[PDB]
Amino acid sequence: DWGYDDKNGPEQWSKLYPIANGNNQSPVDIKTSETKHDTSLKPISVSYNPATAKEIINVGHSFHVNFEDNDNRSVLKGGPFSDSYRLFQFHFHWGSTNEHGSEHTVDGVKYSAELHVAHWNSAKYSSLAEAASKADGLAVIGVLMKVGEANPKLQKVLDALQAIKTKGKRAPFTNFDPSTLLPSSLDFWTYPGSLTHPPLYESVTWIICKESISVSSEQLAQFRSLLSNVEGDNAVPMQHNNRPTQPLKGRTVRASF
């Protein structure tokens, strides 16, 4: 299919997805001495309705928390954007060890995991499928997760993993507002890039928060306890699902601050 095996992992991906070696790939290392402070960036505005929370699904290489995306009850606006963007999902990336689970790095520093909160351009497109492949189709807030004290805001999410332990398993996941997962400062870097796994479409305007959020070593352990096999097959823990940083290929990372 594609995955994070060594058989079918990131260094493998370009065979089926040549875009893997494109000019707008993600994640990046953000070099703070190379970032241009853009004064024209507005602040990030998020407004989510907890009722749009829908389902949690074990997707084999990760798990996704999906939201009702039929209307604009939950939206991202401001920042680099003229258009309002519509929440459809959030998910995490993590690695084998606490030393490097993040996707994005800052000045070489590798964090323990990363929260992606994903939105599509409902002003221009009529759906996620249509938006997903357009340069201006998706917005994703990335939040660096730094290992330390346990994070209480994760609780609902972690509690729900026992229901969707094996690949394909899903369950309702309702009444939750994921703006409660975001750090209390909204200062951010932006850049054009891509989905961080196949199909790797260069459709994403990234909003990387400057402030990290906490996670505990044992919270991370829950993520890696999820299984990539289907019920009944031998267990194959989801050890990691983060992709190496990619060449900027000429792009400029802008700072909101």
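Throughout, we count residues from 1 along the sequence that is shown.
Stretches compared: 187-195, 44-52. Higher mean C-alpha B-factor in the entry: 44-52.
As listed in the deposited structure, the average C-alpha B-factor of 80-88 and of 115-123 is greater for 80-88. You'll see in the entry that, of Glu130, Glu103, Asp159, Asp107, the Cα B factor peaks at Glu130. Take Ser212, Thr35, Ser203, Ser228 and read off each C-alpha B-factor from the entry; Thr35 has the highest. Ranked by Cα temperature factor within the chain, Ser96 sits in the highest third according to the deposited record. Remark: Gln12 belongs to the highest third of its chain, ranked by C-alpha B-factor as recorded. When the modelled residues of the chain are ordered by their C-alpha B factor, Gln155 lands in the highest third. The entry lists a Cα temperature factor for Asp29 that places it in the lowest third of the chain's modelled residues. When the modelled residues of the chain are ordered by C-alpha B-factor, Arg73 sits in the highest third.
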